[PDB]
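The chain that follows stands alone, in the form deposited in one PDB entry, written as structure tokens.
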């Protein structure tokens, strides 16, 4: 098996920690959802190729501009996350997260991931966003942002239901192999 490194980036409310927890346990924890994620090395076989994919989170480093880049050396694939219940998390992608990752991880594929897709049809979410003249991120808004920033691709998932989670990490593995 070949070793590859994945790092997830995005704003504090984007759901990156929950996404790594659910994938690494293959389950949304029923008793206690951890606050933090240390690291994990997943055994993934994609399109007949076996990879050891090391997973890292940048949660807690969003306010520390000199500590945060220490997570980037030798990254093979970036997951750049936003939450579908937070159009504000999508606005910070093009001119904050994107130029940073392009500087520290040149030529590394970026997959833009819309997290919490289950909230797109949640009435409480729609009511809360409507007070700030907002609505959940639309699929075309996510695709257009991924297109604009030069992302390798655009994907959506829900850590809560597990829908789309396995597909995100299998595609990240394929991107890291290219």
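Numbering follows the first chain given and starts at 1. Throughout, rigid core stands for the largest set of C-alpha atoms superposing within 1.5 Å between the two forms.
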- Taking the recorded C-alpha temperature factors, which stretch has the higher mean, 142 to 150 or 120 to 128? 120 to 128
- Message: Mean Cα B factor from the PDB record: higher for 40 to 48, or higher for 132 to 140?
- Response: 132 to 140
- Query: Compared with the other modelled residues in the chain, in which third is the CA B-factor of residue 19?
  - Reply: lowest
- Task: Using the B-factor values recorded in the entry, state whether the Cα atom of residue 74 falls in the lowest, middle or highest third among the modelled residues of its chain.
- Result: middle
- Would the CA B-factor of residue 157 place it in the lowest, middle or highest third of its chain? middle
- Ranked against its chain, the third holding the CA B-factor of residue 4: middle
- Task: Would you check the entry's CA temperature factor for residue 177 and let me know if it's in the chain's lowest, middle or highest third?
- Result: highest
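One more form of this protein should be noted, the form solved in complex with a small molecule, which is absent from this view; the next part is about it.
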- Query: Is there a heavy atom of residue 129 lying 4.5 Å or less from a heavy atom of the small molecule in the bound PDB entry?
  - Reply: no
- Does residue 155 reach the small molecule in the bound PDB entry if we count a contact as any heavy atom within 4.5 Å? no
- Message: Please name the one residue from 148, 49, 126, 138 with a C-alpha displacement of 2 Å or more between the shown form and the other one, using the rigid core for the superposition.
- Response: 49
- Query: Do you see a C-alpha shift of 2 Å or more at residue 33 between the shown form and the other one, with the core held fixed?
  - Reply: yes
- Message: Since the Cα-Cα distance for residue 73 and residue 35 shifts by 3 angstroms or more in the bound PDB entry, is it a contraction (closer) or an expansion (farther)?
- Response: closer
- Closer or farther: how do the Cα atoms of residue 108 and residue 60 compare in the bound PDB entry relative to this form, given a change of at least 3 Å? closer
